[PDB]
Amino acid sequence: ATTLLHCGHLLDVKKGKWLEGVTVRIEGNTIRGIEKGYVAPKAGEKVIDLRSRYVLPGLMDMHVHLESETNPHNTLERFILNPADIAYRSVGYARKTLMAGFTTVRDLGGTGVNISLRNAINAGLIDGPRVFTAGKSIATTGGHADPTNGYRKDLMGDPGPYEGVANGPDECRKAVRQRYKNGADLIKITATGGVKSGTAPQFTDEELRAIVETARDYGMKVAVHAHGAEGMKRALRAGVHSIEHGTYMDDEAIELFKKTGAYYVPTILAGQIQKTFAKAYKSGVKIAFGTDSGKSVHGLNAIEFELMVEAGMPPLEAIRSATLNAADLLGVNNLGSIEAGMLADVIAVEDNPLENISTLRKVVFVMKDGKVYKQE
Amino acid sequence: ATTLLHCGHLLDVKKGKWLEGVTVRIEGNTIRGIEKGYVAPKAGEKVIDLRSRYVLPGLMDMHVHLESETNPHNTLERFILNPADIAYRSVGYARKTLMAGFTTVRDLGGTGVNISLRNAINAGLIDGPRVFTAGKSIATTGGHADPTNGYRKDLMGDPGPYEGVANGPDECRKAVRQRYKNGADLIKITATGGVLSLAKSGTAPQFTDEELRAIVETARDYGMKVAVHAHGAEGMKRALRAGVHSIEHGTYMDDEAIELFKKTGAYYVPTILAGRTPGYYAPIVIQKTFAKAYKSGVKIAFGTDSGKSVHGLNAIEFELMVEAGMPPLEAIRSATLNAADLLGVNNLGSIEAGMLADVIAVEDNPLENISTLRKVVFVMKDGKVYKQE
Amino acid sequence: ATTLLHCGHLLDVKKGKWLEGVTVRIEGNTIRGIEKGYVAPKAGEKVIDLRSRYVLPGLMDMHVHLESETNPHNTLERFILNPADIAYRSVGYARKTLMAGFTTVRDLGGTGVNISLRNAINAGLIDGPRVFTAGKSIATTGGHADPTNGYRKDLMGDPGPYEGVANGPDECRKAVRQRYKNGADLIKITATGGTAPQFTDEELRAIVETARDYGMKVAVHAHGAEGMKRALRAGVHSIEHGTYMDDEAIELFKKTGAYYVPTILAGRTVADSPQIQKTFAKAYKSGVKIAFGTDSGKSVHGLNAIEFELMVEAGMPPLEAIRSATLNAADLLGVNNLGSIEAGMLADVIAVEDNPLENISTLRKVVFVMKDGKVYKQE
């Protein structure tokens, strides 16, 4: 099927330039090209008029928790909610994410329901974003992602690699292999105590090396939840692809960031972080857009944009952190740019996003894989 | 707020009469009344024009399996599917149910995900009909609802009351209490062998009188009605003597069972659609009966066992009931008033003051062609409009 | 497909008469008729020459253990043998059974490999008799059919209904239901040991009622008098061995109609490595119904016909012994298409060299075997 978009301004996100009075030609699910003028439709061609709108690539959030959302009894809910209840909440969470304009997301940690949500979205059963999910986060005994942390002793048990808790290199290798078995796209680990403590490193170098090498064997990237400097630097030298939060980032940690090329996902919205992200941006750290949505109501992801520009980030590069940098961090080459040969993920807002980023908090047109999900 | 439906024809199912050019006034979720004429909207009230349409109470299906639907890989998928996958499929199945016009359904067997779907629909998380669910069906070892039937010996295990498998009165009492604990609305048991399970036989009675007595007495203590799937005559008669509220399928129903039905007052749910619909099933896998049942005076409630044929095609069953000789008005009464009686609800099944706004509309007269209910043009549940063409 | 059997003598077991120079017409797997003379085949018709032979319906043994064969390492073998090894031995046991002329058997005890063996024979994967198997026998804790009897305390465990061990009516009901779930044809229990009765009247009632609910008959192993009469009052369909039988049990047999399966062969073989011949003689003389059973498994498979000789040696007439292997067996099984050569029955046909009514020992060399219209042995 063929669809033509009459775009008043469409962002060449790579060339950093607005294109004026242009047409987008989409065949099936893929953008077939960009043509000059408002091309009148050939027979069988569906046309959407966005001449008064600003047109963007599909926005991507690299830190989301689609299974959950913050709630006045979040700790109690860990003991009474079953997988089906979580799935039914996740349905609404995913749809609101999609209609906020975030057509692609990276689910960084779950109970395994996230894998099912990804499979249900891909089968066409549930309206949602493209999900790349880590499945269960991997942690060490007592780590931040240890599921039975703080439990009564009767219920605490001995979590092992099958459950996402590994100790030592061989158990780490098996835990990575198990996440691969469960259908996870990527691996996520918690290298420091996060949010009985919260900066001491919870991973040895040998364990981090084992995990990075295993993930490289199965073509999965490694994302790291890290607040402490020591664990963050251990992960950075281990060869991980992404560091999340980084609340206490050392100057040595920034030198490691730029030398390794790992991405820093700021996660200011879940929040020191504003200063840390500002200093990181000034220093040249590669930045990818991430909200850690779930702690923050799903559908308000765009808010993060404003505060990143409030920390001194130029609007254009903030959008690149949500688009091109996101696709690079994902390791996918068919997303993050409106160009010939790429996948038809299109966003549209009312006013110019580079003059006021807050217009992205009201995305008026959302199209994923060629289908229009929102058109006002 | 307040919404007025301008109905050209609106069915009073209790009087068996169409009302011509009337207005249905609903405030919130309750119909406040029916007024003659097309009442003009006062200030800020919403109006829906069904003047060219025939308007009905919300249809109800008293045998649905909202967790699953029939497909060539059902036996494999019992080993490959997780609870969350079942839930995500449940989303679409429930939506097809609601847009077919079935505002209320009784889910008669599942893994327990059906309970979560009911709680999610009631919480406003999922678009769906009002679901009354039995949770996990209760069976005896090797029974029709025994979950690990046909599994490898290592994977089959020894299911017990927690799993919905009971043997003896004490285990039956515990299993009913477990369904209560899990949040089930009603109890459903399989009194004889079924058709879609992987048990060898399908006509032998799988419940003793003492076990059935335990099931009924425990259910009455915790206020849950009992529905019994029975294809064999003897198991059906044991269930009827036990004091159950409804019998499902009843494919081989004897005359002793017919007057048993009449004496106990139990409802008969035929599920002809399921009992009608290569290399497909496992190796070891009624129109007249329904006619005889209606002729005898047995109370009838509408049921399709949709799931075994696709959800949203439930209305097809109506047609079969009329071709087996049941009058159209009484088919609609079996899906509306009789269903509401079987559930134990007094605010469903009729468009009248004080009841909940479950309203359907079709294009042509259902009493002249019941098959028009296969194209429902308007669907409204609890005051919210879900379908308007 | 059509096959014609030119039989010199064909025994009509019902009228007790030899029929001379006859043709049996079989289409597919079913006997279509019996005609006088040796009819010549038209096109697409195949003829088997049995003119010098005596032709009988397929013989049936109502007590066999196809899973095992007795052998000096039986106690150790259960501890070292896996299901697959048992199946691989069962292959040869089934072939030896079918080639002796026993086209139908009732396997009265196993670990469940017998059920798979029946399904494999029925699928045509392995040559074998029509098997009706009890699966795992049901016993009480420590009962004769308790699987972990004599085990080390480490390995003995607590076997329950799933494993075939029941105590009390609810457990018995559950054990019957589990055998149904596993696909068993009938239920078999051990009601006595030494001789002490191991089943209470209430438990026997639970088992009989549950088995009848699922349409399965009940076969009962009982050597003591007390267990035998408890079972006979409960309503069992057959009693096996019954070595110590009182004159009350004999009126019980005659009133209930349960069959008596003597199993003289296994009694003689155990007496090698007696009373049972005396008991069978008295039982037959009293008018108890007798069905043929050898408990081969305890004796080598393929020697089942030997049992015939012993029943004639105890005084039962040859015609009645052959009827115990055919008509009486088919009645005990509850099938109406086996045990007789006539129109509408299944083409299970055996042939021997000499007149079995004159010497039953000729049944020890079966020269022709056809099961389900298919010929397995033709010499």
# chains A, B, ... in the order shown; residues from 1 in each chain; ligands from 1
>>> residues_around(residues="range 312-318 of chain B", least_positions_apart="5", cutoff="6 Å", atoms="only C-alpha atoms", output="JSON, numbers by chain")
{"B": [96, 97, 100, 273, 304, 374]}
>>> write_last_selection(atoms="C-alpha atoms", output="PDB file, in the first residue's frame")
ATOM      1  CA  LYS B  96     -14.817  -9.127  19.790  1.00  0.00           C
ATOM      2  CA  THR B  97     -17.344 -10.257  22.400  1.00  0.00           C
ATOM      3  CA  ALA B 100     -20.871  -8.426  18.790  1.00  0.00           C
ATOM      4  CA  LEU B 273     -22.978 -23.657  17.896  1.00  0.00           C
ATOM      5  CA  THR B 304     -22.548 -20.656  22.489  1.00  0.00           C
ATOM      6  CA  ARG B 374     -25.296 -11.007  13.407  1.00  0.00           C
TER       7      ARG B 374
END
>>> residues_around(residues="range 142-151 of chain A", least_positions_apart="5", cutoff="7 Å", atoms="only C-alpha atoms", output="ChimeraX atom specification")
/A:137,156,165,190,193-194,202
>>> select_by_dssp(residues="range 316-364 of chain C", states="strand (DSSP E)", output="short mmCIF file (atom, residue, chain, number, x, y, z; two decimals) with N, CA and C atoms, in the first residue's frame")
data_model
loop_
_atom_site.label_atom_id
_atom_site.label_comp_id
_atom_site.auth_asym_id
_atom_site.auth_seq_id
_atom_site.Cartn_x
_atom_site.Cartn_y
_atom_site.Cartn_z
N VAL C 349 -8.02 -66.18 13.36
CA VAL C 349 -8.13 -67.60 13.03
C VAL C 349 -6.79 -68.29 13.25
N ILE C 350 -6.82 -69.44 13.93
CA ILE C 350 -5.63 -70.25 14.13
C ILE C 350 -5.89 -71.62 13.53
N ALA C 351 -4.81 -72.33 13.21
CA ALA C 351 -4.92 -73.67 12.68
C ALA C 351 -3.80 -74.55 13.20
N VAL C 352 -4.19 -75.78 13.55
CA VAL C 352 -3.33 -76.82 14.09
C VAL C 352 -3.43 -78.04 13.18
#
>>> closest_residue(among="A:95, A:237, A:368, A:286", to="chain B", atoms="only C-alpha atoms")
A:95
>>> residues_around(residues="residue 39 in chain B", least_positions_apart="6", cutoff="9 Å", atoms="only C-alpha atoms", output="MDAnalysis selection string")
chainID B and resid 4 6 22:23
>>> interface_residues(of="chain B", to="chain C", cutoff="12 Å", atoms="only C-alpha atoms", output="NGL selection string")
:B and (139-154 or 156-160 or 165-172 or 191-193 or 197-211 or 232 or 234-235 or 283-284)
>>> select_by_dssp(residues="range 118-169 of chain A", states="alpha helix (DSSP H)", output="compact mmCIF listing (two decimals) with N, CA, C and O atoms, in the first residue's frame")
# COMPACT_ATOMS: atom_id res chain seq x y z
N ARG A 118 6.15 -7.65 24.18
CA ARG A 118 6.80 -7.45 22.89
C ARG A 118 6.23 -8.41 21.85
O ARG A 118 5.88 -8.01 20.73
N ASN A 119 6.09 -9.69 22.22
CA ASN A 119 5.56 -10.67 21.28
C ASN A 119 4.10 -10.37 20.91
O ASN A 119 3.69 -10.62 19.77
N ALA A 120 3.32 -9.85 21.85
CA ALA A 120 1.92 -9.54 21.58
C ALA A 120 1.79 -8.31 20.68
O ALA A 120 0.90 -8.25 19.82
N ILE A 121 2.65 -7.32 20.89
CA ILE A 121 2.66 -6.14 20.03
C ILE A 121 3.08 -6.51 18.61
O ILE A 121 2.48 -6.06 17.63
N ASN A 122 4.12 -7.35 18.47
CA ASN A 122 4.58 -7.74 17.14
C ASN A 122 3.56 -8.59 16.40
O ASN A 122 3.50 -8.54 15.17
N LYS A 153 12.45 -14.26 55.74
CA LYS A 153 13.41 -15.33 55.46
C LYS A 153 12.72 -16.55 54.87
O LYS A 153 13.29 -17.24 54.02
N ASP A 154 11.49 -16.84 55.32
CA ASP A 154 10.75 -17.97 54.77
C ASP A 154 10.56 -17.84 53.27
O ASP A 154 10.70 -18.81 52.52
N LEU A 155 10.24 -16.63 52.81
CA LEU A 155 9.97 -16.33 51.41
C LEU A 155 11.22 -15.92 50.64
O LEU A 155 11.12 -15.69 49.43
N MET A 156 12.37 -15.82 51.29
CA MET A 156 13.52 -15.21 50.63
C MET A 156 14.21 -16.20 49.69
O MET A 156 14.59 -15.82 48.58
N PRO A 169 31.69 -15.88 37.65
CA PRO A 169 31.63 -15.81 36.18
C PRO A 169 30.74 -16.86 35.54
O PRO A 169 29.99 -16.53 34.61
>>> closest_atom_pairs(of="chain B", to="chain A", cutoff="8 Å", atoms="only C-alpha atoms", output="JSON lines")
{"residue": "B:83", "atom": "CA", "partner": "A:84", "partner_atom": "CA", "distance": 6.0}
{"residue": "B:84", "atom": "CA", "partner": "A:84", "partner_atom": "CA", "distance": 5.1}
{"residue": "B:85", "atom": "CA", "partner": "A:116", "partner_atom": "CA", "distance": 5.9}
{"residue": "B:86", "atom": "CA", "partner": "A:84", "partner_atom": "CA", "distance": 8.0}
{"residue": "B:87", "atom": "CA", "partner": "A:84", "partner_atom": "CA", "distance": 5.7}
{"residue": "B:88", "atom": "CA", "partner": "A:120", "partner_atom": "CA", "distance": 6.4}
{"residue": "B:89", "atom": "CA", "partner": "A:125", "partner_atom": "CA", "distance": 6.8}
{"residue": "B:91", "atom": "CA", "partner": "A:125", "partner_atom": "CA", "distance": 7.9}
{"residue": "B:92", "atom": "CA", "partner": "A:125", "partner_atom": "CA", "distance": 6.7}
{"residue": "B:113", "atom": "CA", "partner": "A:84", "partner_atom": "CA", "distance": 6.0}
{"residue": "B:116", "atom": "CA", "partner": "A:85", "partner_atom": "CA", "distance": 5.7}
{"residue": "B:117", "atom": "CA", "partner": "A:88", "partner_atom": "CA", "distance": 7.5}
{"residue": "B:120", "atom": "CA", "partner": "A:88", "partner_atom": "CA", "distance": 6.4}
{"residue": "B:125", "atom": "CA", "partner": "A:89", "partner_atom": "CA", "distance": 6.5}
{"residue": "B:126", "atom": "CA", "partner": "A:88", "partner_atom": "CA", "distance": 7.0}
>>> write_last_selection(atoms="C-alpha atoms", output="PDB file, in the first residue's frame")
ATOM      1  CA  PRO B  83      -0.247 -16.701  31.455  1.00  0.00           C
ATOM      2  CA  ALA B  84       0.645 -13.269  30.024  1.00  0.00           C
ATOM      3  CA  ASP B  85       0.266 -14.476  26.425  1.00  0.00           C
ATOM      4  CA  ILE B  86      -3.163 -15.812  27.387  1.00  0.00           C
ATOM      5  CA  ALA B  87      -4.017 -12.370  28.799  1.00  0.00           C
ATOM      6  CA  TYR B  88      -2.922 -10.545  25.643  1.00  0.00           C
ATOM      7  CA  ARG B  89      -5.079 -12.857  23.533  1.00  0.00           C
ATOM      8  CA  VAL B  91      -7.794  -8.594  25.172  1.00  0.00           C
ATOM      9  CA  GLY B  92      -8.872  -9.214  21.572  1.00  0.00           C
ATOM     10  CA  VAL B 113      -6.409 -15.623  33.816  1.00  0.00           C
ATOM     11  CA  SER B 116      -7.721 -11.330  36.125  1.00  0.00           C
ATOM     12  CA  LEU B 117      -9.513 -10.294  32.933  1.00  0.00           C
ATOM     13  CA  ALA B 120      -9.140  -5.679  34.667  1.00  0.00           C
ATOM     14  CA  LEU B 125      -8.145  -1.216  32.182  1.00  0.00           C
ATOM     15  CA  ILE B 126      -9.633  -3.375  29.393  1.00  0.00           C
TER      16      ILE B 126
END
>>> atom_distance(atom1="CA of residue 227 in chain A", atom2="CA of residue 198 in chain A")
7.0 Å
>>> atom_distance(atom1="CA of residue 164 in chain A", atom2="CA of residue 181 in chain A")
12.3 Å
>>> residues_around(residues="residue 191 in chain C", least_positions_apart="2", cutoff="10 Å", atoms="only C-alpha atoms", output="VMD selection string")
chain C and resid 138 to 140 143 to 145 188 to 189 193 195 to 200 204 219 to 224 226 to 231 239
>>> write_last_selection(atoms="N, CA and C atoms", output="compact mmCIF listing (two decimals), in the first residue's frame")
# COMPACT_ATOMS: atom_id res chain seq x y z
N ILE C 138 -3.74 -52.06 41.12
CA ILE C 138 -4.03 -51.25 42.30
C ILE C 138 -3.87 -52.14 43.52
N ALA C 139 -3.19 -51.63 44.54
CA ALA C 139 -2.96 -52.37 45.76
C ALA C 139 -3.12 -51.43 46.95
N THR C 140 -3.17 -52.02 48.13
CA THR C 140 -3.07 -51.23 49.35
C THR C 140 -1.61 -51.09 49.74
N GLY C 143 0.53 -53.81 50.00
CA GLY C 143 -0.20 -54.86 49.32
C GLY C 143 0.68 -55.56 48.31
N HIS C 144 0.15 -56.66 47.76
CA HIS C 144 0.97 -57.49 46.88
C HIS C 144 1.44 -56.70 45.66
N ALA C 145 0.62 -55.79 45.15
CA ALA C 145 1.00 -55.01 43.98
C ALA C 145 1.61 -53.66 44.35
N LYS C 188 -7.23 -54.02 37.66
CA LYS C 188 -6.83 -55.22 38.38
C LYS C 188 -6.33 -54.85 39.76
N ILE C 189 -6.76 -55.61 40.76
CA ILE C 189 -6.34 -55.40 42.14
C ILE C 189 -5.85 -56.73 42.71
N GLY C 193 -2.64 -61.51 49.90
CA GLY C 193 -1.19 -61.50 49.79
C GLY C 193 -0.60 -62.19 48.57
N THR C 195 -1.64 -65.03 52.69
CA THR C 195 -3.05 -65.23 52.35
C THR C 195 -3.97 -64.17 52.94
N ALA C 196 -3.45 -63.31 53.81
CA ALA C 196 -4.28 -62.34 54.52
C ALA C 196 -5.01 -61.43 53.53
N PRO C 197 -6.25 -61.03 53.83
CA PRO C 197 -6.98 -60.14 52.92
C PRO C 197 -6.47 -58.71 53.05
N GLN C 198 -6.15 -58.08 51.92
CA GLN C 198 -5.60 -56.73 51.95
C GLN C 198 -6.57 -55.65 51.47
N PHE C 199 -7.85 -55.96 51.30
CA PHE C 199 -8.83 -54.98 50.84
C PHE C 199 -10.07 -55.09 51.71
N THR C 200 -10.53 -53.96 52.23
CA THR C 200 -11.75 -53.98 53.00
C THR C 200 -12.97 -53.93 52.08
N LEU C 204 -13.32 -52.28 48.37
CA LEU C 204 -13.70 -53.06 47.20
C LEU C 204 -14.94 -52.48 46.54
N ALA C 219 -10.68 -57.21 37.64
CA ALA C 219 -10.09 -58.53 37.85
C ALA C 219 -9.32 -58.50 39.16
N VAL C 220 -9.44 -59.58 39.92
CA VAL C 220 -9.00 -59.61 41.31
C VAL C 220 -8.11 -60.82 41.52
N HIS C 221 -6.88 -60.56 41.96
CA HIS C 221 -5.96 -61.60 42.38
C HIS C 221 -6.21 -61.93 43.85
N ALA C 222 -6.59 -63.17 44.12
CA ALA C 222 -6.93 -63.58 45.48
C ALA C 222 -6.57 -65.04 45.66
N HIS C 223 -5.72 -65.34 46.64
CA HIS C 223 -5.45 -66.71 47.05
C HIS C 223 -6.14 -67.10 48.34
N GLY C 224 -6.33 -66.17 49.27
CA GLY C 224 -7.01 -66.48 50.51
C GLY C 224 -8.52 -66.51 50.34
N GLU C 226 -10.86 -65.46 52.45
CA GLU C 226 -11.53 -64.25 52.93
C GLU C 226 -11.53 -63.16 51.87
N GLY C 227 -10.38 -62.92 51.25
CA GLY C 227 -10.32 -61.92 50.19
C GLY C 227 -11.16 -62.28 48.99
N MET C 228 -11.15 -63.56 48.61
CA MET C 228 -11.96 -64.01 47.49
C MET C 228 -13.44 -63.76 47.73
N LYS C 229 -13.94 -64.08 48.93
CA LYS C 229 -15.37 -63.86 49.16
C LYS C 229 -15.70 -62.39 49.30
N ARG C 230 -14.81 -61.58 49.89
CA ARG C 230 -15.05 -60.14 49.92
C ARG C 230 -15.19 -59.61 48.50
N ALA C 231 -14.29 -60.03 47.61
CA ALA C 231 -14.34 -59.59 46.22
C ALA C 231 -15.60 -60.08 45.53
N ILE C 239 -11.98 -63.84 39.10
CA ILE C 239 -11.01 -64.13 40.16
C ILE C 239 -9.90 -64.97 39.55
>>> residues_around(residues="residue 166 in chain A", least_positions_apart="4", cutoff="10 Å", atoms="only C-alpha atoms", output="PyMOL selection string")
chain A and resi 138-141+143+146+159-162+170-176+203+207
>>> write_last_selection(atoms="N, CA and C atoms", output="PDB file, in the first residue's frame")
ATOM      1  N   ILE A 138      19.687  -8.798  35.463  1.00  0.00           N
ATOM      2  CA  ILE A 138      20.633  -9.692  36.115  1.00  0.00           C
ATOM      3  C   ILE A 138      21.295  -8.928  37.250  1.00  0.00           C
ATOM      4  N   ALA A 139      21.373  -9.558  38.418  1.00  0.00           N
ATOM      5  CA  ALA A 139      22.015  -8.967  39.577  1.00  0.00           C
ATOM      6  C   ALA A 139      22.775 -10.049  40.323  1.00  0.00           C
ATOM      7  N   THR A 140      23.628  -9.615  41.237  1.00  0.00           N
ATOM      8  CA  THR A 140      24.277 -10.520  42.165  1.00  0.00           C
ATOM      9  C   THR A 140      23.414 -10.687  43.410  1.00  0.00           C
ATOM     10  N   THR A 141      23.772 -11.670  44.234  1.00  0.00           N
ATOM     11  CA  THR A 141      23.054 -11.880  45.484  1.00  0.00           C
ATOM     12  C   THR A 141      23.055 -10.591  46.292  1.00  0.00           C
ATOM     13  N   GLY A 143      22.004  -7.897  45.180  1.00  0.00           N
ATOM     14  CA  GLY A 143      22.061  -6.780  44.263  1.00  0.00           C
ATOM     15  C   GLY A 143      20.740  -6.036  44.174  1.00  0.00           C
ATOM     16  N   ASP A 146      17.989  -8.012  42.749  1.00  0.00           N
ATOM     17  CA  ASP A 146      17.687  -9.271  43.422  1.00  0.00           C
ATOM     18  C   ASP A 146      16.199  -9.286  43.752  1.00  0.00           C
ATOM     19  N   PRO A 159      17.783 -17.258  45.306  1.00  0.00           N
ATOM     20  CA  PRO A 159      17.644 -17.015  43.866  1.00  0.00           C
ATOM     21  C   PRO A 159      18.943 -17.345  43.152  1.00  0.00           C
ATOM     22  N   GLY A 160      18.818 -17.903  41.952  1.00  0.00           N
ATOM     23  CA  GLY A 160      19.975 -18.313  41.198  1.00  0.00           C
ATOM     24  C   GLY A 160      19.931 -17.803  39.777  1.00  0.00           C
ATOM     25  N   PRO A 161      20.850 -18.291  38.936  1.00  0.00           N
ATOM     26  CA  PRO A 161      20.929 -17.773  37.558  1.00  0.00           C
ATOM     27  C   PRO A 161      19.620 -17.865  36.796  1.00  0.00           C
ATOM     28  N   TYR A 162      18.847 -18.935  37.000  1.00  0.00           N
ATOM     29  CA  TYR A 162      17.536 -19.025  36.366  1.00  0.00           C
ATOM     30  C   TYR A 162      16.655 -17.840  36.751  1.00  0.00           C
ATOM     31  N   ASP A 170      30.798 -18.116  35.994  1.00  0.00           N
ATOM     32  CA  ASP A 170      30.012 -19.167  35.348  1.00  0.00           C
ATOM     33  C   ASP A 170      28.517 -18.939  35.535  1.00  0.00           C
ATOM     34  N   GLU A 171      28.108 -18.550  36.741  1.00  0.00           N
ATOM     35  CA  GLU A 171      26.705 -18.233  36.978  1.00  0.00           C
ATOM     36  C   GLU A 171      26.263 -17.026  36.159  1.00  0.00           C
ATOM     37  N   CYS A 172      27.138 -16.028  36.009  1.00  0.00           N
ATOM     38  CA  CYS A 172      26.816 -14.882  35.161  1.00  0.00           C
ATOM     39  C   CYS A 172      26.606 -15.309  33.714  1.00  0.00           C
ATOM     40  N   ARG A 173      27.501 -16.158  33.207  1.00  0.00           N
ATOM     41  CA  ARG A 173      27.371 -16.682  31.853  1.00  0.00           C
ATOM     42  C   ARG A 173      26.043 -17.415  31.687  1.00  0.00           C
ATOM     43  N   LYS A 174      25.682 -18.241  32.671  1.00  0.00           N
ATOM     44  CA  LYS A 174      24.418 -18.967  32.594  1.00  0.00           C
ATOM     45  C   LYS A 174      23.226 -18.020  32.660  1.00  0.00           C
ATOM     46  N   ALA A 175      23.317 -16.956  33.459  1.00  0.00           N
ATOM     47  CA  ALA A 175      22.197 -16.022  33.565  1.00  0.00           C
ATOM     48  C   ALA A 175      21.970 -15.303  32.243  1.00  0.00           C
ATOM     49  N   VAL A 176      23.060 -14.899  31.585  1.00  0.00           N
ATOM     50  CA  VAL A 176      22.948 -14.311  30.253  1.00  0.00           C
ATOM     51  C   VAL A 176      22.324 -15.314  29.289  1.00  0.00           C
ATOM     52  N   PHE A 203      29.432  -5.805  41.417  1.00  0.00           N
ATOM     53  CA  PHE A 203      29.882  -6.721  40.376  1.00  0.00           C
ATOM     54  C   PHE A 203      31.402  -6.718  40.350  1.00  0.00           C
ATOM     55  N   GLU A 207      33.162 -11.013  36.765  1.00  0.00           N
ATOM     56  CA  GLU A 207      31.753 -11.201  36.429  1.00  0.00           C
ATOM     57  C   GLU A 207      31.324 -10.299  35.274  1.00  0.00           C
TER      58      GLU A 207
END
>>> residues_around(residues="residue 385 in chain B", least_positions_apart="3", cutoff="10 Å", atoms="only C-alpha atoms", output="count of residues only")
10
>>> residues_around(residues="residue 296 in chain B", least_positions_apart="4", cutoff="9 Å", atoms="only C-alpha atoms", output="PyMOL selection string")
chain B and resi 258-259+262+291-292
>>> write_last_selection(atoms="N, CA, C and O atoms", output="PDB file, in the first residue's frame")
ATOM      1  N   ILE B 258     -35.461 -34.956  31.691  1.00  0.00           N
ATOM      2  CA  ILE B 258     -36.302 -33.832  31.282  1.00  0.00           C
ATOM      3  C   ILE B 258     -37.252 -33.434  32.404  1.00  0.00           C
ATOM      4  O   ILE B 258     -37.359 -32.253  32.770  1.00  0.00           O
ATOM      5  N   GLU B 259     -37.936 -34.413  32.996  1.00  0.00           N
ATOM      6  CA  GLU B 259     -38.763 -34.045  34.140  1.00  0.00           C
ATOM      7  C   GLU B 259     -37.915 -33.709  35.365  1.00  0.00           C
ATOM      8  O   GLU B 259     -38.376 -32.980  36.244  1.00  0.00           O
ATOM      9  N   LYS B 262     -37.500 -30.183  34.939  1.00  0.00           N
ATOM     10  CA  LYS B 262     -38.714 -29.435  35.255  1.00  0.00           C
ATOM     11  C   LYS B 262     -38.956 -29.369  36.760  1.00  0.00           C
ATOM     12  O   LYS B 262     -39.458 -28.355  37.261  1.00  0.00           O
ATOM     13  N   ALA B 291     -34.637 -29.120  20.614  1.00  0.00           N
ATOM     14  CA  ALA B 291     -36.049 -29.030  20.251  1.00  0.00           C
ATOM     15  C   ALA B 291     -36.917 -29.738  21.286  1.00  0.00           C
ATOM     16  O   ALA B 291     -37.926 -29.194  21.753  1.00  0.00           O
ATOM     17  N   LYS B 292     -36.527 -30.961  21.651  1.00  0.00           N
ATOM     18  CA  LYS B 292     -37.263 -31.730  22.649  1.00  0.00           C
ATOM     19  C   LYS B 292     -37.272 -31.007  23.991  1.00  0.00           C
ATOM     20  O   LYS B 292     -38.298 -30.972  24.684  1.00  0.00           O
TER      21      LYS B 292
END
>>> decode(residues="range 286-293 of chain B", atoms="N, CA and C atoms", output="PDB file, in the first residue's frame")
ATOM      1  N   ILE B 286     -27.923 -33.067  18.827  1.00  0.00           N
ATOM      2  CA  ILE B 286     -28.269 -32.052  19.807  1.00  0.00           C
ATOM      3  C   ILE B 286     -29.310 -31.025  19.327  1.00  0.00           C
ATOM      4  N   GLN B 287     -29.402 -30.780  18.018  1.00  0.00           N
ATOM      5  CA  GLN B 287     -30.453 -29.881  17.544  1.00  0.00           C
ATOM      6  C   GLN B 287     -31.819 -30.444  17.909  1.00  0.00           C
ATOM      7  N   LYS B 288     -32.004 -31.743  17.677  1.00  0.00           N
ATOM      8  CA  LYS B 288     -33.185 -32.456  18.147  1.00  0.00           C
ATOM      9  C   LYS B 288     -33.298 -32.412  19.669  1.00  0.00           C
ATOM     10  N   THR B 289     -32.172 -32.567  20.380  1.00  0.00           N
ATOM     11  CA  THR B 289     -32.222 -32.545  21.840  1.00  0.00           C
ATOM     12  C   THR B 289     -32.739 -31.204  22.338  1.00  0.00           C
ATOM     13  N   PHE B 290     -32.258 -30.112  21.743  1.00  0.00           N
ATOM     14  CA  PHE B 290     -32.737 -28.789  22.117  1.00  0.00           C
ATOM     15  C   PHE B 290     -34.210 -28.612  21.775  1.00  0.00           C
ATOM     16  N   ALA B 291     -34.637 -29.120  20.614  1.00  0.00           N
ATOM     17  CA  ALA B 291     -36.049 -29.030  20.251  1.00  0.00           C
ATOM     18  C   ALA B 291     -36.917 -29.738  21.286  1.00  0.00           C
ATOM     19  N   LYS B 292     -36.527 -30.961  21.651  1.00  0.00           N
ATOM     20  CA  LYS B 292     -37.263 -31.730  22.649  1.00  0.00           C
ATOM     21  C   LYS B 292     -37.272 -31.007  23.991  1.00  0.00           C
ATOM     22  N   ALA B 293     -36.146 -30.384  24.349  1.00  0.00           N
ATOM     23  CA  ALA B 293     -36.047 -29.671  25.618  1.00  0.00           C
ATOM     24  C   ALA B 293     -36.981 -28.468  25.661  1.00  0.00           C
TER      25      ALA B 293
END
